[PDB]
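Asks: Can you read through this structure? Questions will come right after.
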Amino acid sequence: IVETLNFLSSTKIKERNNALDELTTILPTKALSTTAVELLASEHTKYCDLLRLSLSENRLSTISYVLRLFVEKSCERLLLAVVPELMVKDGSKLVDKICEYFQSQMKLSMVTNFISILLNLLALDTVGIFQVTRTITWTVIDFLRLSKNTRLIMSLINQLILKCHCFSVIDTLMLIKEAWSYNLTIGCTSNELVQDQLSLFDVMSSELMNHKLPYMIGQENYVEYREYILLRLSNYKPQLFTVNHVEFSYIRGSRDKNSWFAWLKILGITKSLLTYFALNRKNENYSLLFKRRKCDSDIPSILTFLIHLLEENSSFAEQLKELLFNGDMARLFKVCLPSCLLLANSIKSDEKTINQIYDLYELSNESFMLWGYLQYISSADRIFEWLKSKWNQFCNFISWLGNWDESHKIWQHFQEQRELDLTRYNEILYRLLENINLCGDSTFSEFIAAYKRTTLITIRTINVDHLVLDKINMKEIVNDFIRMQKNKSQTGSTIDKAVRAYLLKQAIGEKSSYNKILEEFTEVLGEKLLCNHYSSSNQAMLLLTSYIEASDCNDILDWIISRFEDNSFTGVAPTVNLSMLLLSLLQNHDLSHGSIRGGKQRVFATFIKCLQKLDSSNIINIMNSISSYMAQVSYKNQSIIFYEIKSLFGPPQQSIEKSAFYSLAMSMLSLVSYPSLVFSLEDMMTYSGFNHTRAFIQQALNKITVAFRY
């Protein structure tokens with residue numbers, strides 16, 4: 001049977017792309033379904049169904065995020081996308097869908113890893129269906145189920161670490177978008193956080209750092225028609241230990257980190273295992289505790305900066321944040337314990353204290369910091385020689401500056417490092433700079449190894465991969481334009497050289513390169529998933545902007561690039577950003593009416609925007625020329641845009657920001673009159689208060705424009 005042959009082709013999943021081509025060629029309704037890794041699975045499932053019409057559509061939409069194992073839809077990666085979401089909901093049994101979904105998702109049926117993941121997805125949005133979403137979130141947060149992985153909870157923490165309501169209404173949306181961008185640092189930031197967290201003491205971080213932040217927010221919240229549900233939740237939170245108990249158990253890891261991190265006698269004290277005592281205290285309190293959570297022996301000048309930092313927190317932590325979004329005795333103990341630098345930073349027998357530092361240097365940036373504080377001297381001379389031996393993170397010689405034996409030591413270090421050996425030499429040279437007559441000798445020795453018109457390693461993949469790319473990192477020190485070169489190679493001081501290669505001749509040379517790139521991009525139609533590369537419109541606009549910035553000929557070139565962007569008919573994020581960029585060029589203007597069209601496109605390309613609205617306002621405020629024409633038109637255009645009202649108060653906040661963009665010429669008063677007409681509780685007033693603050697004495701303190709308001 002031809003059907004059997006088709007089945008064999010599908011079964012033969014090796015070189016699946018060939019099988020896919022065969023299926024495409026094959027493209028009897030039951031067989032049509034049967035003809036369909038994942039592709040092989042599609043063939044098998046459809047064939048079973050064929051062997052056995054709404055059901056086919058239902059099967060196609062079945063088990064999407066709720067996959068059999070995997071269906072490439074855990075977080076769902078046009079009209080079809082909106083329809084699919086609706087179908088999925090129907091099977092489970094576009095803002096409107098988002099609201100239905102926020103509520104339906106919390107409703108579930110039952111009500112655990114799935115919850116942390118859904119929450120993470122919702123938090124990333126920095127939006128969702130306002131209050132409907134917030135009510136859904138409260139219920140979902142409460143339904144902890146089989147609570148403790150931590151990283152998913154931490155992703156959810158992007159929102160849960162800000163467990164509050166109505167504190168920044170018609171404001172928080174812009175802040176949330178900015179937070180999402182910061183949250184996006186995760187991946188590389190997570191790896192860095194894990195390394196730093198473990199290096200400083202014994203903390204894990206590893207993208208779970210924000211889960212701890214969410215727990216802190218939860219404690220703070222506990223101590224504090226959708227609205228009725230939210231009010232009830234606010235009270236329930238006092239003791240609604242929705243995975244709080246899980247956190248209490250998970251916290252054993254935090255206790256371990258704190259112990260690792262650990263006036264020495266007071267520091268040595270466990271403060272009666274205060275971290276555990278605090279948890280016990282909270283458990284005993286049962287509800288709305290926090291406050292004095294067993295903070296026994298909470299720092300003392302038992303003989304400071306750390307205490308101030310601890311209060312602020314009530315640095316490896318910075319890495320975690322990026323992912324989230326008798327002197328001799330003291331010196332010997334501080335070095336032997338290796339936070340030697342912290343002890344030294346707070347504190348500053350000197351010869352012996354320096355000898356301990358000297359040994360620490362030999363052991364080889366905390367060491368430099370410790371020395372710098374200590375150095376705030378024969379003692380230093382001894383350490384300098386040891387430091388030279390140590391030379392042959394970092395900072396090193398920086399300590400001497402941060403604070404002629406030191407110079408003699410520098411000469412010894414330079415010669416020893418100068419003698420990849422180049423990496424050692426590179427590090428020594430950086431130290432020489434870090435500290436910025438034997439010092440001249442040190443420079444000469446480092447220079448002698450460097451030689452100049454020389455290299456010490458020890459076009460595609462010949463540009464650096466064949467040779468040099470390893471060296472680029474292997475003997476790296478300090479900083480160079482070479483970093484840009486490496487980034488350019490990865491994207492695929494060479495980056496500077498490439499610009500130099502083009503060096504209006506540069507524009508023409510660059511234009512030729514751009515033309516080649518443009519042709520490839522044009523060839524690459526719908527280059528994304530099983531959808532389209534919407535960003536291409538934005539890329540075309542970016543190219544246009546550079547050419548226009550140039551010069552009339554470049555602007556002519558810009559028009560062609562812009563014309564491609566102008567097609568729009570693409571996801572709004574790309575089409576609208578492209579229109580906005582075009583409008584920014586229009587704002588600068590030139591010697592053509594074309595600027596008017598670009599501005600119209602940006603105006604047409606409406607979005608809630610939030611943080612982007614603010615950015616747009618900041619740009620809008622920079623232009624509208626003057627007279628009583630461009631200024632007037634801009635005001636009219638803004639006035640005619642968002643109605644706010646509804647439950648769209650953020651638009652009113654945006655209007656207020658616009659109202660603040662000049663006054664008593666600018667019709668800030670008209671904007672104010674509109675705000676007065678719209679009795680948006682005191683939300684409008686709060687926004688006005690912010691504008692008033694910008695003006696110093698304003699509003700009741702100096703209405704001023706009251707003369708016209710009257």
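Residue numbering restarts at 1 for every chain of the structure tokens, chains are lettered A, B, ... in their displayed order, and ligands are numbered from 1 as they appear.
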List the spatial neighbours of residue 78 in chain A as an mmCIF file with C-alpha atoms, in the first residue's frame - criterion: any atom at most 12 Å away, only C-alpha atoms, same-chain residues fewer than 6 positions off excluded.
Replies:
data_model
loop_
_atom_site.group_PDB
_atom_site.id
_atom_site.type_symbol
_atom_site.label_atom_id
_atom_site.label_comp_id
_atom_site.auth_asym_id
_atom_site.auth_seq_id
_atom_site.Cartn_x
_atom_site.Cartn_y
_atom_site.Cartn_z
ATOM 1 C CA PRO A 84 -4.332 27.712 20.045
ATOM 2 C CA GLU A 85 -4.333 29.145 23.544
ATOM 3 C CA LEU A 94 -5.158 38.611 23.182
ATOM 4 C CA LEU A 530 7.872 27.766 12.452
ATOM 5 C CA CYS A 531 6.934 31.445 12.501
ATOM 6 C CA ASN A 532 8.924 34.512 11.414
ATOM 7 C CA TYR A 534 9.869 39.785 13.195
ATOM 8 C CA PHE A 569 3.016 43.220 9.414
ATOM 9 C CA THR A 570 5.165 41.756 12.136
ATOM 10 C CA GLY A 571 5.010 41.225 15.826
ATOM 11 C CA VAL A 572 4.409 44.633 17.337
#
Asks: Please report, as a PyMOL selection string, each residue of range 419-564 of chain A to which DSSP assigns alpha helix (DSSP H) when run on this structure's backbone.
Replies: chain A and resi 421-434+438-450+469-474+482-491+494-502+505-523+536-549+552-564
Asks: Find the residue from A:131, A:568, A:213, A:416 that sits nearest to residue 169 in chain A; use only C-alpha atoms when measuring.
Replies: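 Ranking A:131, A:568, A:213, A:416 by distance to residue 169 in chain A, first place goes to A:131.
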Asks: Taking into account only C-alpha atoms, which residue in the set A:234, A:12, A:111, A:47 is nearest to residue 29 in chain A?
Replies: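 Ranking A:234, A:12, A:111, A:47 by distance to residue 29 in chain A, first place goes to A:47.
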Asks: Between A:354, A:153, A:478, A:229, which has the minimum distance to residue 136 in chain A (counting only C-alpha atoms)?
Replies: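 Residue with the minimum atom-to-atom distance to residue 136 in chain A: A:229.
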Asks: Contacts of residue 402 in chain A at 9 Å or less, counting only C-alpha atoms, minus same-chain residues fewer than 6 places along, as a PyMOL selection string?
Replies: chain A and resi 368-369+371-373+375-376+435
Asks: Just the residues within 9 Å of residue 264 in chain A, please, counting only C-alpha atoms, with nothing from its chain fewer than 4 positions along; format it as a PyMOL selection string.
Replies: chain A and resi 268-269+302-303
Asks: Would you write out those residues with N, CA and C atoms, as a PDB file, in the first residue's frame?
Replies:
ATOM      1  N   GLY A 268      33.007  34.354  67.338  1.00  0.00           N
ATOM      2  CA  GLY A 268      33.142  32.929  67.572  1.00  0.00           C
ATOM      3  C   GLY A 268      31.877  32.360  68.170  1.00  0.00           C
ATOM      4  N   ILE A 269      31.202  33.156  68.990  1.00  0.00           N
ATOM      5  CA  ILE A 269      29.982  32.708  69.605  1.00  0.00           C
ATOM      6  C   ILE A 269      28.954  32.388  68.536  1.00  0.00           C
ATOM      7  N   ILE A 302      33.345  44.393  70.372  1.00  0.00           N
ATOM      8  CA  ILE A 302      33.928  43.619  71.454  1.00  0.00           C
ATOM      9  C   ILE A 302      35.430  43.797  71.502  1.00  0.00           C
ATOM     10  N   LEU A 303      35.998  44.272  70.410  1.00  0.00           N
ATOM     11  CA  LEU A 303      37.421  44.478  70.293  1.00  0.00           C
ATOM     12  C   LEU A 303      38.198  43.475  71.131  1.00  0.00           C
TER      13      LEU A 303
END
Asks: Which one of A:413, A:453, A:563, A:636 sits closest to residue 601 in chain A if you count only C-alpha atoms?
Replies: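 Distance minimum relative to residue 601 in chain A lands on A:563.
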Asks: One number please: CA of residue 257 in chain A to CA of residue 201 in chain A, in Å, one decimal.
Replies: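 Going from CA of residue 257 in chain A over to CA of residue 201 in chain A, I get 5.9 Å.
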Asks: Mind checking which residues fall within 10 Å of residue 180 in chain A, counting only C-alpha atoms, ignoring those fewer than 2 positions away in the same chain, and posting them as an MDAnalysis selection string?
Replies: chainID A and resid 123:127 158:159 175:178 182:185 324:325
Asks: Can you list, as a list in words, every protein, DNA or RNA residue that comes within 6 Å of range 145-152 of chain A when you count only C-alpha atoms, leaving out same-chain residues fewer than 2 positions away?
Replies: residues 112, 116, 117, 143, 154, 155, 207, 208, 243 and 246 of chain A
Asks: For the residues in the current selection, export N, CA, C and O atoms as a PDB file, in the first residue's frame.
Replies:
ATOM      1  N   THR A 112       4.091  19.726  41.827  1.00  0.00           N
ATOM      2  CA  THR A 112       4.041  21.057  42.433  1.00  0.00           C
ATOM      3  C   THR A 112       5.058  21.952  41.756  1.00  0.00           C
ATOM      4  O   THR A 112       4.957  23.184  41.774  1.00  0.00           O
ATOM      5  N   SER A 116       5.639  26.392  40.490  1.00  0.00           N
ATOM      6  CA  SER A 116       6.780  27.295  40.534  1.00  0.00           C
ATOM      7  C   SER A 116       7.110  27.776  39.135  1.00  0.00           C
ATOM      8  O   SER A 116       7.508  28.927  38.938  1.00  0.00           O
ATOM      9  N   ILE A 117       6.985  26.874  38.160  1.00  0.00           N
ATOM     10  CA  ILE A 117       7.287  27.220  36.784  1.00  0.00           C
ATOM     11  C   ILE A 117       6.274  28.186  36.186  1.00  0.00           C
ATOM     12  O   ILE A 117       6.648  29.121  35.469  1.00  0.00           O
ATOM     13  N   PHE A 143      -1.624  28.110  47.327  1.00  0.00           N
ATOM     14  CA  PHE A 143      -1.717  26.687  47.064  1.00  0.00           C
ATOM     15  C   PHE A 143      -0.343  26.085  46.826  1.00  0.00           C
ATOM     16  O   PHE A 143      -0.007  25.670  45.722  1.00  0.00           O
ATOM     17  N   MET A 154      12.822  30.814  42.557  1.00  0.00           N
ATOM     18  CA  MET A 154      13.577  32.038  42.451  1.00  0.00           C
ATOM     19  C   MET A 154      13.178  32.813  41.211  1.00  0.00           C
ATOM     20  O   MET A 154      13.189  34.036  41.186  1.00  0.00           O
ATOM     21  N   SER A 155      12.864  32.125  40.134  1.00  0.00           N
ATOM     22  CA  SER A 155      12.405  32.848  38.973  1.00  0.00           C
ATOM     23  C   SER A 155      11.046  33.501  39.279  1.00  0.00           C
ATOM     24  O   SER A 155      10.801  34.660  38.944  1.00  0.00           O
ATOM     25  N   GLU A 207      21.111  30.495  41.001  1.00  0.00           N
ATOM     26  CA  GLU A 207      19.797  30.973  40.591  1.00  0.00           C
ATOM     27  C   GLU A 207      18.710  30.724  41.615  1.00  0.00           C
ATOM     28  O   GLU A 207      17.573  31.074  41.358  1.00  0.00           O
ATOM     29  N   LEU A 208      19.033  30.194  42.792  1.00  0.00           N
ATOM     30  CA  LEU A 208      18.046  30.013  43.845  1.00  0.00           C
ATOM     31  C   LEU A 208      18.056  31.202  44.795  1.00  0.00           C
ATOM     32  O   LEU A 208      17.268  31.294  45.740  1.00  0.00           O
ATOM     33  N   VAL A 243       4.375  27.260  51.598  1.00  0.00           N
ATOM     34  CA  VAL A 243       5.752  26.858  51.317  1.00  0.00           C
ATOM     35  C   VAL A 243       6.734  27.556  52.241  1.00  0.00           C
ATOM     36  O   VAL A 243       7.948  27.421  52.081  1.00  0.00           O
ATOM     37  N   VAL A 246       8.375  24.894  54.009  1.00  0.00           N
ATOM     38  CA  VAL A 246       9.367  24.287  53.143  1.00  0.00           C
ATOM     39  C   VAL A 246      10.626  25.112  53.207  1.00  0.00           C
ATOM     40  O   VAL A 246      11.723  24.554  53.298  1.00  0.00           O
TER      41      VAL A 246
END
Asks: Within 10 Å of residue 624 in chain A, counting only C-alpha atoms, which residues qualify if same-chain residues fewer than 6 places away don't, as a list in words?
Replies: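 Neighbouring residues, sequence-local ones excluded: residues 587, 588, 630, 631, 632, 633, 634 and 635 of chain A.
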Asks: Of the candidates A:290, A:276, A:604, A:236, which one gets nearest to residue 215 in chain A if we count only C-alpha atoms?
Replies: A:290
Asks: Between CA of residue 398 in chain A and CA of residue 431 in chain A, what distance in Å does the model show, to one decimal?
Replies: 6.5 Å
Asks: Calculated over only C-alpha atoms, which of the candidates A:76, A:496, A:142, A:43 has the smallest distance to residue 480 in chain A?
Replies: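 Checking each of A:76, A:496, A:142, A:43 against residue 480 in chain A, counting only C-alpha atoms, the winner is A:496.
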Asks: Quote the spacing between CA of residue 428 in chain A and CA of residue 494 in chain A in Å to one decimal place.
Replies: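 Computing the Euclidean distance for CA of residue 428 in chain A and CA of residue 494 in chain A yields 24.8 Å.
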